[PDB]
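A.B. asks:
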Amino acid sequence: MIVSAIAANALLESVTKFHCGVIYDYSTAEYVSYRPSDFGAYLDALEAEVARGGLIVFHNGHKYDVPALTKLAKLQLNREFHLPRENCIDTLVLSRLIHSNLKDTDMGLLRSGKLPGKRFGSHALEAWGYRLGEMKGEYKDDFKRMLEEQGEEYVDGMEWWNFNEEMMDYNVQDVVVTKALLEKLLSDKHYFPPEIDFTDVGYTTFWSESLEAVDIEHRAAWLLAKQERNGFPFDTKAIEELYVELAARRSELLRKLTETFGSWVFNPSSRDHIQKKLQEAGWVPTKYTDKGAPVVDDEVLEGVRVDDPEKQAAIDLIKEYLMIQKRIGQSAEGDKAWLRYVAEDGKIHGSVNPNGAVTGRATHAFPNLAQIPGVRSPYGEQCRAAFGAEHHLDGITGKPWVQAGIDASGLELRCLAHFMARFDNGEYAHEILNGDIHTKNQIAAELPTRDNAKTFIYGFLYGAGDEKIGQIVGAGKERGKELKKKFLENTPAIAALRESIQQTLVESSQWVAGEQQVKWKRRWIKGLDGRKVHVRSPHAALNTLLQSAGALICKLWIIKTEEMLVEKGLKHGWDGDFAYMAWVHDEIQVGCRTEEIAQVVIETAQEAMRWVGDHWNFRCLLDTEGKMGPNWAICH
Amino acid sequence: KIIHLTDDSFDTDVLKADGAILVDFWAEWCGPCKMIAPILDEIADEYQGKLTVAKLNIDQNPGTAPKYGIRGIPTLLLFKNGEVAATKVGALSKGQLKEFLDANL
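Just so you know, the protein sequences line up as chains A and B, in that order. Every letter in the first sequence is one number past the one before it in the numbering used here, and letter 228, counting from 1, is 240. Every letter in the second sequence is one number past the one before it in the numbering used here, and letter 95, counting from 1, is 370.
#1: Are the C-beta atoms of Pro349 of chain B and some chain A residue less than 8 Å apart?
#2: Alpha carbon to alpha carbon, how far is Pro79 of chain A from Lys191 of chain A?
#3: Taking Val624 of chain A and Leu577 of chain A to be in contact with their CB atoms under 8 Å, please state how far apart those CB atoms are, rounded to whole angstroms.
#4: For the candidate residues A:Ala617, A:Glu607, A:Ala620, A:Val602, whose alpha-carbon lies nearest to that of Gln239 of chain A?
#5: Go ahead and label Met170 of chain A buried or exposed: buried means 16 or more other beta carbons lie within 10 angstroms of its beta carbon, across all protein chains shown.
#6: Excluding five sequence neighbours on each side, which residues of the same chain lie with their C-beta closer than 7 Å to the C-beta of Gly585 of chain A?
#7: Could you name the residues that DSSP lists as bridge partners for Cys32 of chain A?
#8: For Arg426 of chain A, which option in A:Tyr255, A:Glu224, A:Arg622, A:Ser512 has the closest C-alpha, if you only look at C-alpha atoms?
#9: Determine whether the Cβ of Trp350 of chain A lies closer than 8 Å to any Cβ atom of chain B.
#10: Taking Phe435 of chain A as the reference, which of A:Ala507, A:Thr467, A:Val189, A:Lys497 has the closest Cα?
#11: Can you tell me where the alpha helix (DSSP H) holding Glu494 of chain A begins and where it ends?
#12: Which chain B residues are close to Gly274 of chain A, counting only those with a beta carbon under 9 Å from its beta carbon?
#13: Assign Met13 of chain A to buried or exposed, taking buried as 16 or more other Cβ atoms, counted over all protein chains shown, within 10 Å of its Cβ.
#14: Does the Cβ-Cβ distance between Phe246 of chain A and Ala398 of chain A come in under 8 Å?
#15: Just mark residue 668 of chain A as buried or exposed, buried being the case when its beta carbon has 16 or more other beta carbons within 10 Å.
#16: Buried or exposed: where does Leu87 of chain A fall if 16 or more other Cβ atoms within 10 Å of its Cβ makes it buried?
#17: Inspect the CB distances between the stretch 638 to 646 of chain A and the stretch 387 to 398 of chain A and report whether three or more fall short of 8 Å.
#18: Pairs of beta-carbons, one from the stretch 342 to 351 of chain B and one from the stretch 292 to 311 of chain B, closer than 8 Å: are there three or more?
#19: List the residues that DSSP assigns as beta-bridge partners of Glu264 of chain A.
#20: 8 Å is my cut-off, CB to CB: does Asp598 of chain A come that close to chain D?
#21: Report the three-state DSSP secondary structure of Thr371 of chain A (helix, strand or coil).
#22: Give a yes or no on whether the C-beta atoms belonging to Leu137 of chain A and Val105 of chain A are separated by under 8 Å.
#23: Where does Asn72 of chain A land, buried or exposed, given buried means 16+ other C-beta within 10 angstroms?
#24: What is the DSSP secondary structure of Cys632 of chain A, counted as helix, strand or coil?
#25: Round the Cβ separation of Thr606 of chain A and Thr573 of chain A to the nearest angstrom and send it over; I've been treating them as touching at under 8 Å.
#26: Can you round the beta-carbon distance between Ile455 of chain A and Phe468 of chain A to whole angstroms, since I take them to be within the 8 Å contact cut?
#27: Enumerate, from N- to C-terminal direction, the unbroken alpha helix (DSSP H) stretches of 4 or more residues contained entirely within the stretch 333 to 381 of chain A.
#28: Please identify the residue among A:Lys249, A:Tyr474, A:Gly588, A:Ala553 whose C-alpha is closest to the C-alpha of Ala610 of chain A.
#29: Under the three-state reduction of DSSP, which class applies to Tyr391 of chain A: helix, strand or coil?
#30: Quick check: the Cα distance between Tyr36 of chain A and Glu424 of chain A, rounded to an integer number of angstroms?
#31: Could you tell me if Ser107 of chain A is buried or exposed, where buried requires 16 or more neighbouring beta carbons within 10 angstroms of its beta carbon?
#32: Between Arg534 of chain A and the rest of its own chain, which residues show a CB-CB distance below 7 Å, the 5 nearest in sequence each way excluded?
#33: Where DSSP assigns a beta bridge to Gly638 of chain A, which residues make up the other side?
#34: How is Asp299 of chain B classed by DSSP in three states: helix, strand or coil?
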């Protein structure tokens with residue numbers, strides 16, 4: 013096993029030159045420093061550990077280091093360099109796996125004065141140096157202050173322009189933190205057994221003798237990192253033709269909404285507006301917002317009735333206006349608007365954090381690819397059309413690629429059937445397969461319509477009170493208790509589900525001054541792969557359990573699907589046959605060169621989904637549904 | 276003896292009115308205007324024949340004030356044949372107004 017970290021001139025998207033890199037070998041117990049004229053030997057040193065079947069330790073290597081060293085080797089050395097996914101370890105991923113509950117952990121770290129306020133809960137290399145006590149300083153700061161006593165100034169991120177001896181010393185600093193952080197993660201015996209000193213093993217022993225969660229997360233991080241580099245093809249012209257239809261509508265709406273109110277200036281998106289208005293048109297607020305004056309409150313606006321017809325009719329103009337700002341602020345004027353993120357390949361490369369959550373459901377940002385308005389939401393149809401494989405060319409024919417959208421068919425309710433198959437012997441599970449589970453929940457909870465059962469089952473499982481439940485039948489917090497208790501009597505298994513599991517984490521509970529001081533057995537629920545999935549209050553926790561199952565199911569699902577597609581003969585990327593464009597929890601969007609490839613993609617995903625269920629011996633049956641088409645509005 | 280102006284009746288009562296028209300660009304909730312409102316009442320009474328005194332509440336007539344560049348209130352505008360002859364912003368006195376108008380009269 014070797015440990016390293018590198019320093020380049022820029023980010024993964026325009027890096028040009030390799031500066032330095034340090035390699036600590038556990039077998040040699042000694043570091044080795046590299047320099048710009050030593051880039052070639054650096055790649056061989058990594059190849060040598062691959063030949064031995066050892067391991068290579070990087071921080072964020074799956075997402076940056078490994079693809080950058082592949083990219084740098086092509087333009088600088090003109091050689092092909094591809095670190096095998098099996099021979100790579102990412103401390104960042106393990107940190108996100110092992111220490112997903114950092115947010116609490118920092119409380120004691122704050123008391124010490126050892127952890128910066130800007131580096132709270134962060135999983136960056138330097139942020140961990142302060143946690144372990146290895147930060148003698150930071151390269152960026154030993155650069156700025158020393159530039160003063162040299163004359164010349166500082167430009168935002170110029171410390172990486174040129175190879176400097178201070179970078180070479182802080183390049184070591186990043187390596188020793190990676191090593192100590194690795195051993196800090198290897199010292200967690202829940203994930204890494206004591207019987208195996210993983211610091212001196214081959215890759216073959218590392219993955220299997222480690223917890224299964226260790227393997228998936230590195231497979232998940234590697235695949236999704238490929239997805240970011242693949243990117244999502246984007247029709248720039250289409251979104252441009254929308255801002256025109258929106259800005260014109262905004263100005264036309266703004267004009268009509270300035271005839272209704274004067275000044276001494278009507279504001280599009282201000283909170284000091286409705287606060288000044290409606291309570292002058294004859295509207296007395298039903299619900300307020302905190303220390304002073306109610307917020308925008310989109311909810312009440314639908315029900316605001318004022319005796320002024322013009323003011324009343326203007327309410328719906330406000331409803332549209334605010335929404336127009338939302339799409340615009342997401343598609344054009346936002347600091348993280350889509351038009352700002354289109355790369356020079358005609359694609360949007362939205363990033364994704366693998367286990368950036370307690371449960372394992374990922375997070376998307378810059379731009380949040382997982383919040384694009386739905387086709388049911390206004391103008392979402394046009395929005396979804398802007399994200400499509402058709403908006404990509406082709407390596408040869410040029411004929412637009414076809415998109416394949418496959419989602420997990422009702423994963424949440426089937427996950428519920430799996431954990432409750434422990435109490436009903438597959439009763440509820442068969443109701444899924446037999447169909448109309450929302451019809452049974454309707455009968456069990458005594459709801460008038462099937463749609464009311466749908467909004468019930470999800471709210472009840474996740475800890476909704478009685479207001480959302482009461483508003484279903486046009487009531488308040490009153491109606492809810494009898495709706496929840498009746499469902500419990502008609503579905504004992506669900507009640508029995510929360511019995512053994514919720515009493516598996518407690519010995520006895522106790523209320524002290526309004527705070528439950530529960531004596532825990534373990535403040536963490538085990539996931540499908542043995543990882544720690546904490547919760548908070550034992551009053552529900554089920555929501556955490558089900559979402560953990562679902563997110564862990566899809567994570568393995570998208571891994572095996574790609575694994576089978578590669579095994580069948582398909583090549584991953586825009587230069588091969590298919591390319592992952594976006595992963596959104598229970599649905600995925602895959603680009604495909606021909607319709608024939610897309611059909612295989614759909615079938616393989618179903619084959620992988622049954623494979624996952626057999627793998628973890630899932631009590632319930634998992635199915636998926638695929639849609640073929642040009643873009644995303646079609647795949648959903 | 277005081278004229279109330281709207282936006283519609285600002286064109287006829289002021290712009291098409293021969294003679295000096297003194298307009299108070301005031302508002303419901305402002306301080307220096309509440310003090311001079313008694314002042315205009317006696318001036319409107321004394322300058323009967325000479326001056327027409329008028330009041331415009333810019334909270335209900337808010338389209339006129341921007342047109343004449345109303346910076347602060349109360350803003351007194353001496354219209355002379357649709358044109359603004361002299362303007363004064365804020366509070367004031369009667370003897371100083373007398374000196375002011377008779378200089379323009």
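Each residue gets a CB set at the ideal place from its N, CA and C atoms; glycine is no exception.
C.D. replies: Looking at the coordinates:
#1: Locating residue 349 of chain B in the second sequence gives position 74, where the first residue counts as 1. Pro349 of chain B does not count as touching chain A.
#2: Here residue 79 of chain A corresponds to residue number 67 of the first sequence, with the count starting at 1. Here residue 191 of chain A corresponds to residue number 179 of the first sequence, with the count starting at 1. Roughly 21 Å between the two C-alpha positions.
#3: Locating residue 624 of chain A in the first sequence gives position 612, where the first residue counts as 1. Locating residue 577 of chain A in the first sequence gives position 565, where the first residue counts as 1. Not a contact, Cβ separation roughly 15 Å.
#4: The residue labelled residue 239 of chain A in the question sits at position 227 within the first sequence. When C-alpha distances from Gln239 of chain A are compared across A:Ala617, A:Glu607, A:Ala620, A:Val602, the shortest belongs to A:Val602.
#5: The residue you call residue 170 of chain A lines up with position 158 of the first sequence. By the neighbour-count rule (16 or more Cβ atoms within 10 Å), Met170 of chain A is not buried but exposed.
#6: For the purposes of this step, residue 585 of chain A is taken as the residue at position 573 of the first sequence. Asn242, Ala591.
#7: As a working mapping, residue 32 of chain A is identified with position 20 in the first sequence. Per DSSP, A:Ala19.
#8: Residue mapping note: residue 426 of chain A aligns to position 414 of the first sequence, counting from 1. The residue with the shortest Cα to Cα distance from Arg426 of chain A is A:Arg622.
#9: On the first sequence, position 338 is the one that residue 350 of chain A refers to. It does not: the Cβ of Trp350 of chain A has no partner Cβ on chain B nearer than 8 Å.
#10: Locating residue 435 of chain A in the first sequence gives position 423, where the first residue counts as 1. Residue A:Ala507 is the option with its Cα nearest to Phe435 of chain A.
#11: By 1-based counting over the first sequence, the position of residue 494 of chain A is 482. Residues 493 to 502.
#12: Locating residue 274 of chain A in the first sequence gives position 262, counting from the first residue. Correct list: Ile333, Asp334, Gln335, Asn336, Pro337, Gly338.
#13: Taking the first residue of the first sequence as position 1, residue 13 of chain A is located at position 1. Label assigned to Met13 of chain A: buried.
#14: Along the first sequence, read from residue 1 onward, the residue named residue 246 of chain A stands at position 234. Along the first sequence, read from residue 1 onward, the residue named residue 398 of chain A stands at position 386. Yes, Cβ-Cβ distance for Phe246 of chain A and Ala398 of chain A is below 8 Å.
#15: In the structure displayed, chain A extends from 13 to 648; residue 668 of chain A sits before or after that span and is not available.
#16: As a working note, residue 87 of chain A is residue 75 in the first sequence. Classification of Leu87 of chain A: exposed, given that the 10 Å Cβ count is below 16.
#17: yes
#18: yes
#19: Here residue 264 of chain A refers to the residue found at position 252 of the first sequence. In DSSP, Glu264 of chain A forms no bridge with anything.
#20: No chain D is part of this structure, whose protein chains are labelled A and B.
#21: Residue mapping note: residue 371 of chain A aligns to position 359 of the first sequence, counting from 1. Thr371 of chain A: coil per DSSP, three-state reduction.
#22: Position 125 of the first sequence holds residue 137 of chain A. Position 93 of the first sequence holds residue 105 of chain A. The beta carbons of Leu137 of chain A and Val105 of chain A sit no closer together than 8 Å.
#23: Within the first sequence, numbered from 1, the residue matching residue 72 of chain A stands at position 60. It counts as buried.
#24: In the first sequence, counting from the first residue as 1, residue 632 of chain A sits at position 620. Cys632 of chain A: coil per DSSP, three-state reduction.
#25: Counted from its first residue, the first sequence places residue 606 of chain A at position 594. Counted from its first residue, the first sequence places residue 573 of chain A at position 561. Not confirmed; about 18 Å, so no contact.
#26: By one-based count along the first sequence, residue 455 of chain A stands at place 443. By one-based count along the first sequence, residue 468 of chain A stands at place 456. About 12 Å; that fails the 8 Å criterion.
#27: none
#28: To locate residue 610 of chain A, count along the first sequence from 1; it is residue 598. It is A:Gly588.
#29: To locate residue 391 of chain A, count along the first sequence from 1; it is residue 379. Residue state, collapsed to three classes: coil.
#30: Your numbering for residue 36 of chain A matches position 24 in the first sequence. Your numbering for residue 424 of chain A matches position 412 in the first sequence. Near 45 Å, if we compare the C-alpha coordinates of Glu424 of chain A and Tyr36 of chain A.
#31: Here the question's residue 107 of chain A lines up with position 95 in the first sequence. By the 10 Å Cβ count, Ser107 of chain A comes out buried.
#32: Here residue 534 of chain A refers to the residue found at position 522 of the first sequence. These residues qualify, in order along the chain: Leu517.
#33: Reading the first sequence from its first residue, position 626 is the one you call residue 638 of chain A. Answer is A:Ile418.
#34: By 1-based counting over the second sequence, the position of residue 299 of chain B is 24. Of the three classes helix, strand and coil, the one that applies to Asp299 of chain B here is strand, per DSSP.
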